[PDB]
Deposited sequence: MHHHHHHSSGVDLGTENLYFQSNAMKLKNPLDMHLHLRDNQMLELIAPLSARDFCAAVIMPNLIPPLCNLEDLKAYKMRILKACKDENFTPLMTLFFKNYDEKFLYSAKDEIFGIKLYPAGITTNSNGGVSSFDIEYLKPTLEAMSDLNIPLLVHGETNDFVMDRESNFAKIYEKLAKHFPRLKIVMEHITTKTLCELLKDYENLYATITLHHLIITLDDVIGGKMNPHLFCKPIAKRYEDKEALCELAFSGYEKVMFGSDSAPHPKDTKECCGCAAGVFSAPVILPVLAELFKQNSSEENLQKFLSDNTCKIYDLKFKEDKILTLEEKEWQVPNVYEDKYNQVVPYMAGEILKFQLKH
């Protein structure tokens, strides 16, 4: 529609963040609202110290999140850290969790990954319709860690053709292509991997604020990621992997939470459509897991410049955000 209003440049419905890190305690209080105010729900990753491996610690964490957000409507979609859980246990938790997140540890390729430890649990998960979320990286050379995990994703897809396997934060053309080879393979894509490549991280001066895992790769990889997100391909969902770290330059992670919607807005207007953004941020997820909502959350973006602050700050913590100091074209009223 050619003519439009400054106050309504984009409208988004029930935006979901399918990969979020909210940390805990004092940090959680600082950053949860930043996601809560722009999303109706987010998959909360379980990599706390120590990791969430039982339902009592999960509920307590859920409660801390609900307190810190203070922006209902916001439903945290809870997850457990992967370990060898038995059928009885999973049956017990299915109504309490959205999924189980696997963090592989110690994988060499010539690989040394034995899925036998996983089989009983994955078989149960399949039958109970519980999705497996995976941080798909081996321990090989940093640029190859994701691509070398492709064969591990294939193996899992064949051995468990009824299990939903979400390849988290894909960053390679390899996985962009693998995604289309198996029906039960899905993926989440971050905001940053649609914009950066390795050159941004170490091509000129080293830029720690753009450092994350998996590392940003090549231009061909970035284009493959953009083609899936911009086309709204049914099996890709937005997952920020917003992962803050207290300001000291060496820890991995990008805190993109507060700038996600505005940056995606601009990105899709320039390269795609409101409808495809709507799919990438919500409809795709809703179609895959059959989600529905009682009270819709509608976010309206206004075409009014603002400068991203150099930090989001609390008494106990200071976090540098993605795009810190940059000027964005769109903004939500908070």
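Colleague: Comparing the deposited sequence with the modelled residues, which stretches have no C-alpha coordinates?
Modeller: Those parts of the chain that were deposited but carry no coordinates are 1 to 15, 126 to 130, 269 to 273.
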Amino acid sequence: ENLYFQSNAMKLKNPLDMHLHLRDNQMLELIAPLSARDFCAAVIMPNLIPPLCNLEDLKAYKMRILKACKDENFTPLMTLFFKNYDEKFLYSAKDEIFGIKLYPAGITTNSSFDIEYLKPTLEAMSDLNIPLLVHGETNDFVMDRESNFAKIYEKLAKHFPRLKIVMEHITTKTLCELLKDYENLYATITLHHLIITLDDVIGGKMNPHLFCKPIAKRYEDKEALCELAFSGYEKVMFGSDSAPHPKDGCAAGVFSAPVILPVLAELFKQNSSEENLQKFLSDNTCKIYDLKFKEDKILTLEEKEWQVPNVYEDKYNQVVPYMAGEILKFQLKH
From here on, numbers count along this sequence of modelled residues.
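Colleague: Look up the CA B-factors in the entry and say which stretch, 176 to 184 or 122 to 130, has the higher mean.
Modeller: So the stretch with the higher mean C-alpha B-factor is 122 to 130.
Colleague: Using only the Cα atoms and their B-factors as the entry lists them, report which of 203 to 211 and 189 to 197 averages higher.
Modeller: Higher mean C-alpha B-factor in the PDB entry: 203 to 211.
Colleague: What's the residue among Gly232, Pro262, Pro246, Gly239 with the greatest CA temperature factor in the PDB record?
Modeller: Answer for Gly232, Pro262, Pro246, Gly239: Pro246, with the highest C-alpha B-factor.
Colleague: Among the choices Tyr153, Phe255, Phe74, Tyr219, identify the one whose CA B-factor in the record is greatest.
Modeller: In this record, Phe74 carries the highest C-alpha B-factor of the candidates.
Colleague: Sort the modelled residues of this chain by their C-alpha B factor and say whether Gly136 lands in the lowest, middle or highest third.
Modeller: Lowest third - that is where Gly136 ends up once the chain's C-alpha B-factors are sorted.
Colleague: For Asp17, does the deposited CA B-factor place it in the lowest, middle or highest third of the chain?
Modeller: Answer is lowest: the recorded C-alpha B-factor places it there.
Colleague: Relative to the other modelled residues in the chain, which third contains the C-alpha temperature factor of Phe293: lowest, middle or highest?
Modeller: Its C-alpha B-factor belongs to the highest third of this chain's values.
Colleague: Ranked by Cα temperature factor within the chain, is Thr79 in the lowest third, the middle third or the highest third?
Modeller: Its C-alpha B-factor, which the entry lists for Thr79, ranks in the middle third among residues of this chain.
Colleague: Where does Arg162 sit by CA temperature factor within its chain: lowest, middle or highest third?
Modeller: Its C-alpha B-factor belongs to the middle third of this chain's values.
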